[PDB]
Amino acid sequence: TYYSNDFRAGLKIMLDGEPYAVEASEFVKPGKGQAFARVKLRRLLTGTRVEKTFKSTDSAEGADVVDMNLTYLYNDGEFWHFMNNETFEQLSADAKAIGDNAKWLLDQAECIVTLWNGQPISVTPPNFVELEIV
C-alpha cells in the first residue's frame, strides 16, 4: 500500500478492481478545506487517462503489473502467443490486449509485454521493424 502523497509517476496501483499507472500527482488544499492529492492516472485495461482525487490520508494497494520482454510466437486470429526464453512459459494475449499493434507484430520477434497478475494486458512492439510492401 502507498500513501496519496507518495504517488510518484510510474507507480502501479489497484483501484476499484483495476490496475493503474500514476502519471502525475498534485497537492490541493483550498481555503478552509482539507488536503488532497489530484492524480492523473493511466487506466491500463483500456489505455485511457483518468484523474482521481484522494484525501492526503488515503492510501492505495500496490498492483502486480510488470513488463516482461517475451518473444512473439504467432496468433490464431484470436490469441497472440508469447514465450519466455528463460522460463520456457507461454502466455496468450487477446485482441484487446495486443490492441492496435498486431499490425507490427511480425512472427518471431521480441516484444515488451505488460502483464497484470501474470496475464498480458498490453503489448509493446519494438517499433523498428522492417516490413513488406504488399
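Numbering starts at 1 and follows the sequence shown.
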Quick note on 9 to 17 and 122 to 130: per-entry mean CA temperature factor is higher in 122 to 130
Selected stretch [higher average CA B-factor]: 96 to 104 or 74 to 82 | 96 to 104
Max C-alpha B-factor within the set 58, 51, 67, 26 falls on 67
Of the choices 109, 39, 45, 35, which one's C-alpha carries the largest B-factor in the record?
-> 109
